[PDB]
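# please find the sequence and an experimentally derived structure below.
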Amino acid sequence: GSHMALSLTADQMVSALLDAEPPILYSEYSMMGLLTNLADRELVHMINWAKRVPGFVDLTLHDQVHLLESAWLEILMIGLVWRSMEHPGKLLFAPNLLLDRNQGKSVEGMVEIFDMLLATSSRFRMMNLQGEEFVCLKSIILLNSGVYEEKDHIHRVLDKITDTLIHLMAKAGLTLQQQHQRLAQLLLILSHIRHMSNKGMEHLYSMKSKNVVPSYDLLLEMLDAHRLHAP
Ligand SMILES: Cc1c(OCCNCCCF)ncc(F)c1[C@@H]1c2[nH]c3ccccc3c2C[C@@H](C)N1C[C@@H](C)C(=O)O
């Protein structure tokens with residue numbers, strides 16, 4: 001059978017999100033090349049993950065593309081910041097690619113982006129972000145970032161993810177006041193992730209390459225191509 005997004009319990013939502021998690025990839029090995037190649041390989045896995053986010057396949061192909069076009073960098077960045085949590089002053093791009101601030105100084109303008117990513121990771125570390133909360137946040141990014149009856153459906157799915165976040169906090173023993181405070185603190189970090197993505201996109205455009213950012217067409221092609229993938 002098929003579970004419709006709005007009928008899932010909080011436990012089922014968490015289970016479906018944890019199950020859809022992409023694998024941890026290795027760097028294939030200069031720095032720019034390694035970071036580009038890794039992002040490209042992670043994008044393929046991001047397509048399969050997005051198709052598994054409850055409510056995402058309920059959207060038209062066009063709406064799915066718009067959401068991925070707006071959110072792809074915020075999604076790579078939140079994944080990066082999550083796995084870099086236990087590595088203060090370093091970014092865990094891959095288990096064979098752990099980079100420090102000074103290493104970012106090799107590429108012009110890259111240190112500014114690394115510093116923002118380091119501060120977000122440090123913030124998640126201080127708040128003791130949990131894996132179940134991280135997966136909720138990543139789905140919120142996907143459904144929220146490109147919002148500007150079908151839009152009401154997206155907002156109802158976003159509401160279900162909020163309910164899921166609150167459920168996790170109430171089960172963790174937080175008071176009603178502490179629940180609203182943590183929810184707000186987590187959602188405010190999403191503003192910082194959007195800012196990092198805009199700065200990241202600007203930096204990517206300040207480069208020689210004419211195909212460094214995924215276009216609407218490439219994202220439509222990848223989403224279309226996914227239909228032809230074997231299960
Ligand atoms: C994301 C990216 C990148 O993306 C190109 C993708 N092209 C798609 C095909 C054409 F449609 N190209 C070069 C880069 F170095 C980076 C790196 C990078 N790599 C990653 C891998 C895994 C997880 C996270 C990251 C990040 C985040 C960040 C540090 N990025 C720097 C970018 C934004 C910049 O400021 O130039």
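Nice, I can see it. Numbers count the residues shown, from 1 in each chain.

# tell me the contacts of the closest residue to residue 167 other than its chain neighbours?
Sequence neighbours aside, residue 10 is the residue nearest to residue 167 in space, at 3.7 Å (criterion: C-beta to C-beta, 6 or more residues apart in numbering). Quick note: C-beta positions are derived from backbone N, CA and C, even for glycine. Counting by C-beta atoms under 8 Å, 6 or more residues apart in numbering, residue 10 touches 163-164, 167-168.

# contacts for the helix or strand encompassing residue 169 next, please.
Using DSSP states H and E, residue 169 maps to helix 150-171. Residues outside helix 150-171 that contact it (C-beta under 8 Å, 6+ apart): 5-6, 8, 10-11, 13-14, 54-55, 58-60, 63, 130, 132-133, 136, 139-140, 143-144, 147, 178-179, 182-183, 186.

# 7 Å instead?
Contacts with helix 150-171, where a contact means C-beta atoms under 7 Å, 6 or more residues apart in numbering, come from 5-6, 8, 10, 13-14, 54-55, 58-59, 63, 132-133, 136, 139-140, 143-144, 147, 179, 182-183.

# thinking again about what came up before, which of the contacts of residue 10 are buried?
Buried members of the contacts of residue 10, scored by 16 or more other C-beta atoms under 10 Å, are 164, 167-168.

# just say helix, strand or coil for the residue nearest to the spatial centre of the chain.
Centroid-nearest residue in the chain, with C-alpha atoms, centre = their mean: residue 75, separated by 2.1 Å. The three-state assignment at residue 75 reads helix, by DSSP: H, G, I helix; E, B strand; the rest coil.
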